[PDB]
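Considered here are two forms of the same protein chain, supplied as structure tokens in two stand-alone entries, structure 1 and structure 2.
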Structure 1
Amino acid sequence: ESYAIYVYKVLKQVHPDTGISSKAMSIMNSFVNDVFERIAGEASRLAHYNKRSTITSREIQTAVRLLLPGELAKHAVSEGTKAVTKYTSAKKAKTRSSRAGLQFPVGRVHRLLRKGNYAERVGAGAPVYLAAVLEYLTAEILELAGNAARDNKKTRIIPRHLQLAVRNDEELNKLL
């Protein structure tokens, strides 16, 4: 699956005048896919472990806490919870992503959660929470990689900046 356009939207929110090379975008897309699969897979195991037939934001949250190291997990849980509470309230919003306050695609995440046979059913809150987490991790990686680019007087993120950002961050290194 391609998340490149959403990675770009997030990049513009953290580093508005920094670009990303074709190879660096491909690496980001691979990161997003890998994390999606790992969280959805763990949510699936948790649903089965708890004899639930529906994946909801509860199983996504616990999956996220199991997979993500300390601080990343705290911030991810904060953003996923926020997205769900906003989505519940914001009935006059025009799209599911906008209802959640997100750049990442809530509808596509929902479709992929269903397509992956992670459980019999998927609740409306699950893709909101997961999309918010994917967006948060993307934003963190792009913040750091864009800082590396700037520190090297480059106007775009290239693969070596992603490597520096991820490998020199204890928690991202563990995650990725």
Structure 2
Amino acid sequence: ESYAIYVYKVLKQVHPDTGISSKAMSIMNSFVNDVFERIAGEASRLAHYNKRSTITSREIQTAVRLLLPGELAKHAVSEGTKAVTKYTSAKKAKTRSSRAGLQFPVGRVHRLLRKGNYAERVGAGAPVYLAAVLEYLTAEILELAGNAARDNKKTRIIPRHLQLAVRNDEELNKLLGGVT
């Protein structure tokens, strides 16, 4: 699965004038995919303890607290909770983008959770929460990688900028250092 269009949208928010090379985008895609897979796998395991074979935002949140190190978990939980609150708000938004305040599309995350057969059903809040978590991590990595590119006197993020940015951040290194 390719998140490239959404990675690119997030990049334009955090570093409007910075590009990203094809190989750096591939690494970004692998990071998002790896985090999705591990959150979904933990959430699926957690769902067995409930009476209903359903992935809800509660299992996503618990999975995020297990998987994300240190303050990454605190901020991801804040982002996922805020997105679910906004998405379920009584005042309806007029567009999908305005409903959750996100760049990552809820429907794509929903389809990926359903495709993985993580449970019999996927609750309406779970893909919103997970999309917000993936967006938060993507924004964090791209912010740091774009800083590394600028310090390297480059106008595009290349793989060594991503590798340096992840390695030099203790929490991101724990989360991502095993991704190949």
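Structure 1's sequence is the ruler for residue numbers, which start at 1. We call the rigid core the largest set of C-alpha positions that still match within 1.5 Å between the two forms. Shifts are known only where both forms have a C-alpha.
The comparison between the two structures, aligned on the rigid core, picks out a single residue among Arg52, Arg111, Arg45, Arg38 whose CA moves by 2 Å or more, and that residue is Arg52. Core-aligned CA deviation for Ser98 between the two structures: 2 Å or greater.
When the core is overlaid, the C-alpha of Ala165 ends up 0.3 Å from its other position between the two structures. The rigid-core fit between the two structures yields the following 3+ residue runs with every Cα displaced by 2 Å or more: 49-52, 90-98.
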